[PDB]
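Next comes just one chain, in structure tokens: the form deposited in one PDB entry.
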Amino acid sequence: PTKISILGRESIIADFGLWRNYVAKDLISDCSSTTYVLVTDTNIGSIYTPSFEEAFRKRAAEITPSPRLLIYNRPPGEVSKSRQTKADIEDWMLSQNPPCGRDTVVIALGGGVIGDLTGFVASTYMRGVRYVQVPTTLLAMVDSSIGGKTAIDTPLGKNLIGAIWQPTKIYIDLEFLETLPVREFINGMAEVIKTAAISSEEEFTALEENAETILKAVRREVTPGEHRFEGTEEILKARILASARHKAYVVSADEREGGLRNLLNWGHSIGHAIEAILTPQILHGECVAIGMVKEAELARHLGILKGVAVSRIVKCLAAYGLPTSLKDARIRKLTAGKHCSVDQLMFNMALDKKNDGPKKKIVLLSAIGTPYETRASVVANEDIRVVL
């Protein structure tokens, strides 16, 4: 079992089968409380909550008095990361008998949507309650669940309202990947690739080599019993952990994005601008993949990044089934009639939280695994437009 520390605390426990046999117990011993609220959507719930309710009663039978478990299920989709859902969830908790108090321990069981949402609710519930992350997707395991960033979407853009609330525990259970849809898995690989590109050429090269093997396992059939990733697990764990460990480091050194944390946003300046236009038809990771390509092209444009690097980024993202341009085949049919104007994209980048005033900040890599600055660089509009 791997333990990664973040911000002076060992909130990260990684292993296989945690959900089934560890989270239930650990929660009741390290997160003493009379109330526990489980948040997840209908898809993840029907598959994973049942087993937990039992694991819960079992470990709560021994504690006096016995705490309680309350399960909230919301409509799966990047459409629940909103004000209304966060409102219903809060009201719901408040209507409970007895109500859910400041000792409430909230459990985020899901990907980035449920994670971002659950964590935000927890940050403002009665001004703050404890919560834990149980990332069930790849993207949430290698990125979203770590770091304490949470938020919701408003009609204008992505993650415009939120809070930096660190979760008390973060349980990374690789077993969840067994049931994660193919698209989702690829989608999350965008983040893994991104994390490697800003940290080490070694890790990136590793990811390039793992391509075929990893991709062949994800597409595999699997019969009720054996686990996909049969014979590729050591590789998987190694890659996932590398991503998680690096994020932990960055977050530790600059929790509130005073500068260094900007780097975790590589590909997101353009990615988010695009995502605000093509969501929900297009997933986060898929948009970020295209954003990494355009931001990379921008770095070459500025004479910061070498062309050979731009091509290698594209080839790597392509090798994982990720799109590398807004003209991509799949992405074309999925939008149906949606297209990004250079104007809209520029309008949305004005909304980039990294911006310092009206100065747009984008992460520029000077080379694979080597950022240009230890923060986002100020870039002029005209230069952005050229790659759009």
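By rigid core we mean the largest C-alpha set that fits within 1.5 Å across both forms. All residue numbers refer to positions in the sequence shown, first residue = 1.
The same protein also exists as the form deposited in another entry; that form is not shown, yet it is the one meant from here on.
Student: With the two forms aligned on the rigid core, which of the residues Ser200, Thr213, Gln96, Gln281 moves its CA by 2 Å or more between this form and the one not shown?
Tutor: Per the superposition, the moving residue is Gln96.
Student: Is the shift of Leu322 between this form and the one not shown large enough to count as movement, that is, does its C-alpha move by 2 Å or more after the core is superposed?
Tutor: Comparing the forms between this form and the one not shown, which are aligned on their rigid core, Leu322 does not shift its C-alpha by 2 Å or more.
Student: For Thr85, is the C-alpha shift between this form and the one not shown 2 Å or more after core superposition?
Tutor: True for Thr85: a C-alpha shift of 2 Å or more.
Student: Once the core is superposed between this form and the one not shown, does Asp153 show a C-alpha displacement of at least 2 Å?
Tutor: Yes, the C-alpha position differs by at least 2 Å between this form and the one not shown.
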